[PDB]
């Protein structure tokens, strides 16, 4: 079946808990595989130790820039960037897992978890999974955001990997 992966998240060095994500490999195998491998760190790099650097309440929590930690960086397991696989899955509501980008065909490692339905992102960002468990943790992360996206606490993925 589809991979189940996890992110364990701290805020200012205290654990918030675990976000569990289903990766929809049946719809977007290439995008799912990238995220899976970045969680396990099996290629020698990935999400462990990186941050949620941009969080906007009533919108989304963004993470995955493990090179620059500011939204300019990251890399995929294939190379620096890879194409938009498809736009079949939609930004249907809270819990949607989707690829951040800098325009068409610029997927790297950066990703976001929606806290609302973000329909205007349909056809522009590749949706590749959803939150199975831990929306409470996502809501905590969301609460440390701001209109600008600047976080009021340091939000760190302390551990991550694959459950199945």
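Residue numbers count along the first chain shown, from 1.
- Of the two stretches examined, 41 to 49 and 28 to 36, the record assigns the greater average C-alpha temperature factor to 41 to 49.
- The PDB entry assigns its highest CA temperature factor, among 123, 108, 104, 57, to 57.
- In this PDB entry, the Cα temperature factor of residue 96 sits in the bottom third of its chain's modelled residues, the lowest group.
- Per-chain ranking of the deposited C-alpha B factor places residue 138 in the middle third.
- Remark: residue 21 belongs to the lowest third of its chain, ranked by C-alpha B-factor as recorded.
- Ranked within its chain, residue 80 lands in the middle third, by CA B factor from the PDB record.
- Among all modelled residues in this chain, the alpha-carbon of residue 67 has a temperature factor (C-alpha) in the highest third.
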